[PDB]
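Chains A and B, in that order, give the protein sequences. Reading the first sequence from the start, the letters are residues 21 to 26 in this note's numbering. Reading the second sequence from the start, the letters are residues 35 to 180 in this note's numbering. All residues carry an ideal CB built from backbone N, CA and C; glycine is no exception. Okay, structure first, notes after.
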Amino acid sequence: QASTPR
Amino acid sequence: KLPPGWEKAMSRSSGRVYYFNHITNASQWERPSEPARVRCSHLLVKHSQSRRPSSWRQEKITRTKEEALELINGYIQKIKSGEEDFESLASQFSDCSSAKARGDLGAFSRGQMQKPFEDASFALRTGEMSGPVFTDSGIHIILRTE
């Protein structure tokens, strides 16, 4: 939910 | 026989047998006894070698990878002692905005997260916690919740 991992 | 990734070892300090999982980096005294998806929380500590050395906690992360591992080790000690719980340390110290959800990542299948993170998550049982797990993002403690 913020690019680099969920 | 032992479940996926477990081996028997001997304690360096006491000589008593224990069990170590080379996939999750978990270790425990007790003898240990797949889904499409798992749900995990995590607590990430980033370092100067992280692919993006920055978080909501601080704009430039400068700690060494060795310093990051010491912090992770300390958090694992506090969680295992019951002095602190996983959710509380994740909220306070995880270098990822998922800290605001007590570290919860939600549910994911194979193919979605970095391979070391994925392999550890699928090899944990429900309720189990990893040791330090290294990815390009930094060092993680992973708690499998579902």
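So what does DSSP say about residue i, is it helix, strand or coil?
i	result
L123(B)	helix
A60(B)	coil
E152(B)	helix
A135(B)	helix
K42(B)	strand
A22(A)	coil
Return the chain-ordered list of same chain residues with a C-beta closer than 8 Å to the C-beta of residue i, the five sequence neighbours on each side being excluded.
i	result
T96(B)	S82, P87
So is residue i in contact with chain A if we call contact Cβ pairs under 7 Å?
i	result
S131(B)	yes
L123(B)	no
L139(B)	yes
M147(B)	yes
Count the other CB atoms, across all protein chains shown, that sit within 10 Å of the CB of residue i; report buried if there are 16 or more and exposed otherwise.
i	result
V72(B)	buried
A43(B)	exposed
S155(B)	buried
Complete beta strand (DSSP E) runs within the region 44-116 of chain B (minimum length 3 residues, chain order): 51-55, 71-79, all fully within the region 44-116 of chain B.
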